[PDB]
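> Okay, structure incoming, though there's no sequence with it:
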RNA sequence: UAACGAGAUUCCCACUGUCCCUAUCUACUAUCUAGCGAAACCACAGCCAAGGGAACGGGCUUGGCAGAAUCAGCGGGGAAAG
RNA sequence: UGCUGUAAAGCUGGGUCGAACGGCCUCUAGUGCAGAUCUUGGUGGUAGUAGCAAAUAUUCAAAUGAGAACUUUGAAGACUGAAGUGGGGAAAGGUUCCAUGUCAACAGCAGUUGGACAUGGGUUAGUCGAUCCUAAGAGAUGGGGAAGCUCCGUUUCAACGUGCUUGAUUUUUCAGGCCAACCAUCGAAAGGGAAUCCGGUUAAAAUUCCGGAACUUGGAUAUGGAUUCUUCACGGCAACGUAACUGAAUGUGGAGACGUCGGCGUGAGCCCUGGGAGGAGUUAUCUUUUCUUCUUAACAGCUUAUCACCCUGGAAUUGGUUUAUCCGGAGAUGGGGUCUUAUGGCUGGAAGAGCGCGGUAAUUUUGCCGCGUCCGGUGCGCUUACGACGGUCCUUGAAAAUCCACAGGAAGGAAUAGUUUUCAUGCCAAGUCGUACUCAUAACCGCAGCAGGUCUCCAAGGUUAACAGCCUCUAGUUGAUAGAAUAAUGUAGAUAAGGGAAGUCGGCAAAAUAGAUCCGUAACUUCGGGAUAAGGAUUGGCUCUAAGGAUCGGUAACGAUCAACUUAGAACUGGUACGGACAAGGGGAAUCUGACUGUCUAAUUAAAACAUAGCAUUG
RNA sequence: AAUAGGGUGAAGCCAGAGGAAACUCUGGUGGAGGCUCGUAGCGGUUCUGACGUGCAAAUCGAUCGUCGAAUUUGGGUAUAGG
RNA sequence: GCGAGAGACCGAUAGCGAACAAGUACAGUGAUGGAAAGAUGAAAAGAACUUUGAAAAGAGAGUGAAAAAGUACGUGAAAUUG
RNA sequence: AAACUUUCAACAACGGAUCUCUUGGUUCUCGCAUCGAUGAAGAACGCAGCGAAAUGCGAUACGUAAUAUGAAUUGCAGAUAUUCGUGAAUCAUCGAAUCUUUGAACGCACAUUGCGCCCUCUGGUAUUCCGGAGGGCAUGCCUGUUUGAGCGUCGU
Ligand SMILES: O[C@H](c1cc(C(F)(F)F)nc2c(C(F)(F)F)cccc12)[C@@H]1CCCCN1
Ligand SMILES: [Zn+2]
Ligand SMILES: [Zn+2]
């Protein structure tokens, strides 16, 4: 009754893909993501889930801009172009 | 279903292209460690969760 | 224990009223210049059934005194009101069934319905089928009128409060037995989720103060103090007396 | 006998998913989807169906000439003939009685 | 308390393998073969009688005895398994 | 291979192996395993054992191949039996679709086969959906709470328009005229809603492509027609008609827009059937025979209706009238008309299409020619749509976008010319996303190719009350490891002398009854029931008889023609059979208990428990 | 959005008979009901049947309750751990 | 976080979960949960060719210091097995 | 006596222990201060002559410019590629750029590749309609500008 026969009536997704994190944690009826908290301004994160922070944090993606801030700082945040040596 | 969203159809397009065997000229490269594509997926066995 | 059904009704999740089919709120006109100083005339267009109400409602069309417009009002139909009847409302309106008059303009003994508790609230008293308000007397010095409510209580209202002359239509509804659970189901299907009722003595001690025991019994007096708290007020609240009512009160 | 299928994705016998069974020039039997039946224009006074006015689905009234949607009379496509007749007589008699009540009133506004 | 009841109970008619008291028949197994091929469980293991013993032994003591490898059944024991 | 030590252990011979390691004096510790139902990994006995047994069932030959119970083709035998094992979809899956190749692993036997493996191919829209609307509801803003994450509120204590409409101006400035109750937004691939059909075509797509024929919306815009000198049309007593035939602000209405059941009527598709023109089958005998083709889309015109309405007239001797008794001096019957066009007919679309035959071309891309495609009938038939009615409720059975009409009379209009795109014709455009396939005893969820679960459309012949059961046509499958035997014990199913519950806690299980027609039917009762009470008789086949109707023709009470299955009776007849398979109540006399219909412990309790109407009390 | 085919035969209506009246009786018609037999459906009584390392972590077979409403059901939506 | 230097630290069941396409594969509606997996050889020199086989393979041969290193790859213990 | 069972040895299996490594981990110390509306962290989808992943990048897409260096890349192929040279390869360096759809995410909306409006240019006989290109339109708050509102209020 409550096992195999009832498990056959599962064809209505409670969650769909999230637009912020793309993870399929976006609750359809609540219009909220259970993973990242979208559409709230802040990202959902808790100190009681330290392993969850590992999965989605700085360094787990591309860091396409923070990659180069260290290299730009070491040169004093240069403006201009390089001069060819004589 | 036949009636699907663009976002759904776009995820299913990527899933087809990642579902291909290893090109064999890759096994001849120097210091190569990949023997086969380890991320294969069959439709009946593992679901996409899309 | 657990939160009892008494306390679950206040949150109002599944206990709100089913209002899809209702035909509008039944109210008198807003008290305006015409009603305060003279009278305005309207015509009854419809007499319709309002789901959840025993009294039929009347749709009465009035003219807007200030702009070229028609105003549709939802009145509670008094018995004898018909479609095409002219309804006159105001201080100078005449004493005819269906007319809306201030209480001071009605002689003693006048049977009036949909009476205003306060001047301009558009009707509070005697709105259910077969019910009405009797005018007991007037106090012109204090500008007050004494009325008798359907419960038998006497109330003092401003003589400027309005009411509709006659008895609310649809009376005698209670005289027929429902005869069926299905009839009560259909009765409450367009009112609210309050039926059927499980007896509290038939529950477990979590569910109700009356639950539990190796026989079904209340165990303590079912008359509960007025100063008791929510979750305790199950039974006869602040009962002045109990038992079969014998004689006059 | 040949059996038919719906021609659209709706598989349910709803009010807008009604079909007829039609034989085609190919000697076939296909389903033909039937639109919802039109309702008659009715009088604003008595509620009866107005004569002389085409029965169309509301957007289709835009696509027909004016003679199909009206009758050459006052309140032509709005009220029926009998309800217009009562308006004329009531307006005439009541306004006539308004004059008598005025002349009568002026008789009591100058002697008592 | 009429009507109703997959509610509990007693009696009567009809009916019958429920029984006296069992017999016979059919299909699928079981059985044998080709292919395929698990699991529970397992201190070591596996014949009895008495004795004593943690007071009901497969093992100890004293007797009876004791001959390869096995197949189908079976449900006494393993104070069987869970 | 041995030696040393009581021992923990140390050293050594031989084999294997390939890059580091030891003795002694000290330091240091994550330092010694047989157990912890220890942890992780690996391997046994059991054991070639249990088993691979639901869904009726397969067989012969040929081809392919190294290999065939299982692949392909042919022949046969079967099943699902239109409430399908058929043909589609919604959810869900995501390439499972199609072609070619292919068999290491998977398909609990096999495999040359596959939803497996590999390489490629494949989804075409102004008209089908989404998109738009609002539903229950969700939720910004102004504000008000809260330390705050945030909560409340959505007509709300707000100075809330990214307003429109014109004459314009080309001066990219303007002049004004009206309004702003309500109005952020999201919320339906089953509600509402602009518009497409037929024939053909692919290996796989088609209401999407090709051919033809249409339609809607938005824009531009000319010609014809129409109108005006009585400026913004005529006709009809009227209902109202038409090719058109000004109309601002504002207002009023209508459509969108609505439960359920009952019988009736009409149509459509299907079923049934006659003639004729073809084709196929049977032919020992018979059969003017059995089977089969003979079709007509969206769209345009004319015509077509119950209801409703108009004119005439004035009604008791009351008449008209439905299967169902409702209407009429508030105007019936009669006579004459108007309207809706649901539905049918004719014509165009359109025979040029499709279908069925016959004759020819050819490896042949692909064909070419000829003929026919016609005229009816029937009905308590089945399904479905609509219509006019009737019943029912202490139940009266959404909203909005959107479209139209009317009221109003602002403004602008002619004569040598003026207006209008609601009349006809013509020109341009319609973007975005989905579109393959499964929808299930193998494409979804149950760990799986699981006897479970999962919403819906179409529905042939016979028997019959029946869409039940049984047989068959179209379509689809023949899938489920197999072979040989037929012990015990089983599982599922049968029968049984005489007795008939003696068995057992207990008639548990089985048996008996069963359809229909006719007869007969008790106590008790809330008068409705009990009741199919109980208890009896009949039932096949064949040959007849009688009754029950329609349309025409003027004691027409008659003739002519046509037509559906219902009922009743009689004779004969037979191994006394006959609802012959299927289908299908056992009954009676009482007690306890709950009034009844209904509900719950998904997965051990369905009850006397819960609920209920009714009664009463309390605020 | 879905729900074969029968039985029974409530109001209302038509006709006839009896009666002084108040009224009564008979034959039709009609098609009511949380009525009834019984399919699909929904449920799950009994065999305390099968299976019980199953087809299945609740199924299979027969038997059975109910089957036009307090009915069954898709989707949307609301209610969230004292 | 960025950049460096170290250690009486661990040495692939240890040390971070991760020495490897590791927060990967995979599970769950979701929050979350979360592995296994290093080593041929100095160098592919990764076995040409003949022969049996439908093929996988086998037997010769060949490369290599070694095939007692053949990718099911250094050494190759025990259970278990011929 | 065979077979069978058990024990032992040799060889071969099963399996992956032991030994030896180690671009990894862990801990300690030293030095530094550098994310984002000038659009970050993160996500999705794409990009190579032949790529699935990892790594890199964004329609200029395993990268463009610049500076330095000085002859490669490499599994195969190939220059309309290069060698006493503005010249191979190079995240060597890096100061100039590109940066799809998003995301605090900003026209509104978003389970939709949904729906607007403004300016300039352009095509279709167009101030109004349809198509294309480029540039714009969020909220709170601050300073200032302009236009306003209120018998709150001063003057004539
Ligand atoms: O004061 C009495 C009264 C009664 C009632 C009644 F209850 F019947 F509706 N209505 C009255 C009315 C009335 F409202 F008009 F009905 C007015 C004045 C007196 C009335 C008496 C009764 C007898 C006649 C005079 N009025
Ligand atoms: Zn998210
Ligand atoms: Zn009218």
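Arrived safely. Numbers count the residues shown, from 1 in each chain, chains lettered A, B, ... in the order given. Ligands and ions are numbered 1, 2, ... in the order given.
> of all of chain C, which residue lies closest to RNA strand G?
Nearest residue of chain C to RNA strand G (CB to the nearest atom of the strand) works out as residue C:182 at 2.3 Å. For every residue, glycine as well, the C-beta is placed using N, CA and C.
> go on, chain B?
Closest point on chain B to RNA strand G, by CB to the nearest atom of the strand, is residue B:1, at 12.7 Å.
> could you pull out the strands for the chain?
No chain in the question, so chain A it is. Under the criterion DSSP state E, strands of chain A are mapped to A:15-16, A:26-27, A:32-33.
> meant chain D, my bad for not saying
Counting by DSSP E, one finds strands in chain D at the ranges D:18-22, D:30-34.
> quick one: residue C:88 from residue C:169, how far?
Applying CB to CB, to the nearest Å, the value for residue C:88 to residue C:169 is 19 Å.
> what about those two, which has more around it?
Taking other CB atoms under 10 Å in any protein chain shown, residue C:88 and residue C:169 do not tie; residue C:169 has more neighbours (20 against 17).
> And residue D:84, how close does it get to chain B?
52 Å (CB to the nearest CB, to the nearest Å).
> what about the residue of chain B closest to RNA strand G, how many neighbours?
Neighbours of residue B:1 under the rule other CB under 10 Å: 5.
> helix/strand/coil for it?
Judged by DSSP: H, G, I helix; E, B strand; the rest coil, the three-state class of residue B:1 is coil.
> Next, the contact list for it, please.
Residues counted as contacts of residue B:1 (CB atoms under 8 Å, 6 or more residues apart in numbering or on different chains): none.
> now with 10 Å?
B:8, D:9 (CB atoms under 10 Å, 6 or more residues apart in numbering or on different chains).
> try residue D:103
By CB under 10 Å, 6+ apart, no residues touch residue D:103.
> what does residue A:8 give?
No residues are in contact with residue A:8 under the rule CB under 10 Å, 6+ apart.
> Residue C:87: what's it in contact with?
Residues near residue C:87 by CB under 10 Å, 6+ apart: C:39-44, C:58, C:60-62, C:73, C:75, C:78, C:81, C:93, C:96-100, C:164.
> so it is in which element?
Using DSSP states H and E, residue C:87 falls within strand C:86-90.
> Then residue C:58?
Counting by DSSP H and E, residue C:58 is part of strand C:57-63.
> Show the subsequent helix or strand relative to that strand.
strand C:70-76.
> Just checking: what are the partner strands of that following strand?
Strand C:70-76 has these partner strands in its sheet, going by DSSP bridges: strand C:57-63 (antiparallel).
> next one: the partner strand to chain centre, how far?
On the basis of CA atoms, centre = their mean, to the nearest Å, strand C:57-63 sits 20 Å off its chain's mean C-alpha point.
> Now do the same for the most centrally placed residue in chain C: helix, strand or coil?
When CA atoms, centre = their mean is applied to chain C, the residue found nearest the centroid is residue C:127 (4.4 Å). Judged by three-state DSSP, the three-state class of residue C:127 is coil.
> Identify the residues contacting it.
When contacts are counted by CB under 10 Å, 6+ apart, residue C:127 touches C:26, C:53, C:54, C:55, C:76, C:113, C:114, C:115, C:133, C:150, C:164, C:168.
> contact partners of stretch B:2-14?
A:16, A:17, A:19, A:22, B:1, B:48, B:49, B:50, D:9.
> Which one of these is nearest to residue C:9?
residue A:16 (34.8 Å; CB to CB).
> Show me the beta-bridge partners of that closest one.
residue A:26.
> go on, residue C:125?
Assigned bridge partners for residue C:125, using DSSP bridges, are residue C:115.
> residues contacting it?
Residues near residue C:125 by CB under 10 Å, 6+ apart: C:112-117, C:131-133, C:147, C:149-151, C:155, C:157, C:161, C:163.
> mind checking how far it is from chain A?
43 Å.
> for residue C:190, same thing?
In this view, residue C:190 and chain A are 27 Å apart by CB to the nearest CB.
> Measure how buried residue A:20 is and give me the count.
The burial count for residue A:20: 16, using other CB under 10 Å.
> mind listing what the closest residue to it other than its chain neighbours touches?
Using CB to CB, 6 or more residues apart in numbering or on different chains and skipping residues adjacent in sequence, the residue nearest residue A:20 is residue A:38, 4.0 Å away. Residues in contact with residue A:38 (CB under 10 Å, 6+ apart) are A:18, A:19, A:20, A:21, A:23, A:25, A:26, A:31, A:32, A:44.
> restrict the residues you listed to those near RNA strand H?
Among these, the ones lying near RNA strand H by CB under 7 Å from any atom of the strand are A:23, A:25, A:44.
> show me what contacts the nearest residue to the first one once chain neighbours are set aside?
Read it as residue A:23. Nearest non-adjacent residue to residue A:23, counting by CB to CB, 6+ apart: residue A:35, 5.0 Å away. Contact analysis of residue A:35 by CB under 10 Å, 6+ apart lists A:15, A:18, A:20-26, A:43-44, A:52, A:55-56.
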